[PDB]
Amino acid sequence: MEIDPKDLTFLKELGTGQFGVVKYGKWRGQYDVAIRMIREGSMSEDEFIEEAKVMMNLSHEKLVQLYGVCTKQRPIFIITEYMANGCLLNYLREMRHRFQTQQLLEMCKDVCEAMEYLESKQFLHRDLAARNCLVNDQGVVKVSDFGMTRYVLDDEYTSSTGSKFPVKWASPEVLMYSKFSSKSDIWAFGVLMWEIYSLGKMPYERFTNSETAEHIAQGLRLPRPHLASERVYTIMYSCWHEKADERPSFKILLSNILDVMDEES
């Protein structure tokens, strides 16, 4: 819903993200929130504004809750649940020696649950990666920036060969045909699991995007992380089937995760 900035306070700078500056503040006093100022010239605003009303009705504990927007000025403000520990990618790296494999699997359950709710709403992420997941003050991980890439004007961020396209998270059918589906979000989730258990290493760090694309197309798969059991690896490996329909749904995936958690007791 629309928000009068009168009911907001700017308290701290959190840094510039993929879609503009973000600041910490309070909404209506009692809501810790993160306010993003959409970078001007980056988004198809009318399409994006109208779609924001659709994404507002998406609610889930493991989704960064959206509280409202300020759109009758530019730059647009986006008011979101405040995730105190910031991006999951950077949270993983700074606290590398503070994670037991039980906490890592938990982080995968958090994301998978959020992605299982998005699956059931027939809503695609299109850029699932650790850089788009956030962590709150209680160590819980939540997904964000889902569907945001549909309204990016830069063709580098959108085309399969664009210099900014997330090739290292993309399934073969996204690279060759641009066929986005929940199955492509599943491939991406597999890569995300590998990010988590790797404690934030760049997937295929030493491959050019092209080198990655062709190797992926011919069967290359990320190596088993050191902290991942062969059972955890089996789960993230199933996300990487060449055939999309051969990949398990987030529902089938979440169950497998819980089976592993139970066996880690």
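In this text, rigid core is short for the largest set of C-alphas that superpose within 1.5 Å between two forms. Note that residue numbering begins at 1 and tracks the sequence as displayed.
Superposing on the core and measuring CA offsets in 4 other deposited structures of this protein, the stretch of 92 to 100 and 187 to 195 with the greater mean deviation is 92 to 100. The higher RMS C-alpha distance to the shown form in 4 other deposited structures of this protein, out of 39 to 47 and 25 to 33, belongs to 25 to 33, with every structure fitted on the core.
The PDB entry reports B-factors from which the mean C-alpha value can be compared for 120 to 128 and 101 to 109; the larger average falls on 101 to 109. Mean CA B-factor, 187 to 195 versus 151 to 159: the higher value falls on 151 to 159. Across 36, 62, 221, 26, the greatest Cα temperature factor reported in the deposited entry is at 62. By the numbers in the PDB entry, the CA B factor is greatest at 55 among 239, 202, 55, 216. Remark: residue 3 belongs to the lowest third of its chain, ranked by C-alpha B-factor as recorded. Ranked by C-alpha B-factor against the other modelled residues of its chain, residue 133 falls in the middle third. Per the PDB record, residue ranking by Cα B-factor puts residue 43 in the highest third of the chain. Sorting the modelled residues of the chain by their CA temperature factor places residue 179 in the middle third. Among the modelled residues of its chain, residue 235 has a C-alpha B-factor that falls in the highest third according to the deposited record.
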